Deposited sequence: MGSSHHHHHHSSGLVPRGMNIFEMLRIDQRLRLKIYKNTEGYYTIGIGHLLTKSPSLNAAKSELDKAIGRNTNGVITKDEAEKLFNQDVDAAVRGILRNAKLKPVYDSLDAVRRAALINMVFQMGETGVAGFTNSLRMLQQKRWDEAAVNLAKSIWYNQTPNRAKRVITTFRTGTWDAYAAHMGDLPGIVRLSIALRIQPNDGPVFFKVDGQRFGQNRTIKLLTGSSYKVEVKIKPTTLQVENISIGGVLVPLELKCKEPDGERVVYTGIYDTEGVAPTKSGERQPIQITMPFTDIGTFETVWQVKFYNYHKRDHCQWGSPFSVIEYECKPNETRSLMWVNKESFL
């Protein structure tokens, strides 16, 4: 009995305070309650279906679709409005004609996909298959988002780190690590960086610090890069894990870690889940 309401609860974060303007479960436009957000959400789903049915470009497609694929169309209209979705002229035709694979391929070429690829890929799987397969692993998503940032500075002079995205690191060195987490109540004890354990201590988003030691790390073979696993368990909400692509340089080639594109921080948007082996890592931004 999965349905559009639960689908949108997975795809659209809930906010009780205005944010860019927007509030509730993606209600476009200063503090509302949970029940009032839920009523607004139900009204907004209603408005999306009413907009489909009034629109001469969307109603015939909607009518022709099964209940599951109808939810995918409502999801798009909820996200971007009736007029925007009615602009998907070719894909709509493909859906009406039961050309599920062509529609799915065409929808993924859109700027919509590029702007919100995780949500778009789920919506597209729903159109393609007429099943809720793409939402199965999101059963149990926690309602909130986790934001965390990781920054490195080379000691002793708080020096910058550069990419070229391949991060350029120096062996035989010490880096100050800063991890900033929202919400501030979340707790971590350690981050592992390529198998190097970095104990983290809270100071003062909430800010954790440690020191990442690269003494004894082998330099990367010339013209090659390498992944390093990044792992940070949280106390209750699961484990953050990702890969960085890095090149390690020795003392003689240290000039390579003095030039390039700097990154002050990498920002991650994550979504915890009750039972998934790892939190969802939805966005990574080098800044």
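- Comparing the deposited sequence with the modelled residues shows gaps at 1-17, 38-42, 52-73, 209-217, 258-263, with numbering starting at 1.
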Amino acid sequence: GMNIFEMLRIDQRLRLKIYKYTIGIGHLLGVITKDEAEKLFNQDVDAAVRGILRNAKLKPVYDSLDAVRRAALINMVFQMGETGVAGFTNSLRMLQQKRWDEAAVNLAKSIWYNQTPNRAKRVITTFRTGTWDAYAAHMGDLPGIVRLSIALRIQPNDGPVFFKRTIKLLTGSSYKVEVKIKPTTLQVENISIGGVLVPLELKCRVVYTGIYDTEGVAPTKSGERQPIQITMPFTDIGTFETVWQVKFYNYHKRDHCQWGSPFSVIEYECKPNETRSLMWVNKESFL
From here on, numbers count along this sequence of modelled residues.
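- The PDB entry reports B-factors from which the mean C-alpha value can be compared for 104-112 and 77-85; the larger average falls on 77-85.
- The deposited model assigns a higher average Cα B-factor to 17-25 than to the other stretch when 17-25 and 271-279 are compared.
- Per the deposited record, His252 carries the highest C-alpha B-factor of all listed residues (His252, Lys247, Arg69, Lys59).
- Per the PDB record, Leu142 has a higher Cα B-factor than any other of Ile181, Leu95, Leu142, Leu152.
- When all modelled residues of the chain are sorted by CA temperature factor, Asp236 is found within the highest third.
- Residue-level temperature factors show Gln229 in the lowest third of its chain, judged at the C-alpha atom.
- Placement of the Cα temperature factor of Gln258 within the chain: highest third of the modelled residues, per the deposited record.
- Ranked against the other modelled residues of its chain, the C-alpha B-factor of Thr33 as given in the entry falls in the highest third.
- The PDB entry assigns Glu189 a C-alpha temperature factor belonging to the highest third of its chain's modelled residues.
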